[PDB]
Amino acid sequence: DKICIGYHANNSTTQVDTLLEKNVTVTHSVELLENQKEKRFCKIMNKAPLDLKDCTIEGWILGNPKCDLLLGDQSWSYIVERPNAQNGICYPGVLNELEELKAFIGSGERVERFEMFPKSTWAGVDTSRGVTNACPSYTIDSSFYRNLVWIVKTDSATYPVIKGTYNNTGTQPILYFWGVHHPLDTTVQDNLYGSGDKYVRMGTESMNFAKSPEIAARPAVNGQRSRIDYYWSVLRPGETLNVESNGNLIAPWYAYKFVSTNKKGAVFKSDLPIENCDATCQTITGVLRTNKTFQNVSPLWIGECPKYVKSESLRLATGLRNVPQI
């Protein structure tokens, strides 16, 4: 007659490491880290992302004529920008505070496009001839940004002081754009805007802007040795914008009612496919469908994701040292 005290063993070959010993086989353990992903973009909280396709962020909100597919209202859970997208700033020039603009747009969930300044706004000038072969549409060789108006002088006449005003009486901030044209020489300057010192001046309750044209020839880009200085700003609710120029103005035409998200914003630069699917956690390199605590897929994500670490595995022992006999 006998009684013995002992412990569980099984067929487990799963191992863990300890401070004292590596490769210890244990009867039970739990893996805390997720290394699997679905290589695709899904909806987040039942809201689809915005695929910019062949357009860059600049091409989209500036209204590059080849981005008409995107034109107008958009709602998004996040933004997908494609790496080799070709349609950006078509007429050469710098979009000022570009990185801050991207950060701002990224913090949003919706834009509503509306006409901020109808062409009728600008009295003594020509609003019909502002096109360029640098900015072709899909159907015509010379076009321009859908949100801007390239204003030139009427035939032979002088270029007068033009004025415009917009009072934001709504509840949402307004994202809008404008420009200053810098011709390659005084000949083009006189041809388009006439003669005399030119200025572009704009202002609100909280902003002042003033710029004059800087005539010089730069290396040709998309066939142009001239340049445009593009600008952006945000007209707060209750604020009014005043525009005043005697020439070289790329005028604001359409703008966006901007809806800022309370969640995290994201802009993913990726070639991954957007499919018809749902997810709670979306990383830049794919979807995570997991109950695990850690992940080594990506530090960049939107939604509710596991903590990112560099580890290959984080397995906790729960059971005991597995010592089966024989």
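From 1 onward, residues are counted along the sequence shown.
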Using the B-factors recorded in the PDB entry, average over the C-alpha atoms of 229-237 and of 213-221, then report which stretch comes out higher. 213-221
Of 280-288 and 253-261, the one with larger mean CA B-factor: 253-261
Can you pull the Cα B-factors for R110, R113, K198, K102 from the entry and say which is highest? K198
Would you mind finding, among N96, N87, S77, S128, the residue with the largest C-alpha temperature factor in the entry? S128
Going by the entry, which third of its chain does the Cα temperature factor of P65 land in? highest
Give the position of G179 by CA B-factor within its chain, expressed as the lowest, middle or highest third. middle
Quick one: classify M45 as lowest, middle or highest third of the chain based on its Cα B-factor. highest
For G72, the third of its chain into which the C-alpha B factor falls: lowest
If you rank every modelled residue in this chain by C-alpha B factor, which third holds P173: lowest, middle or highest? lowest
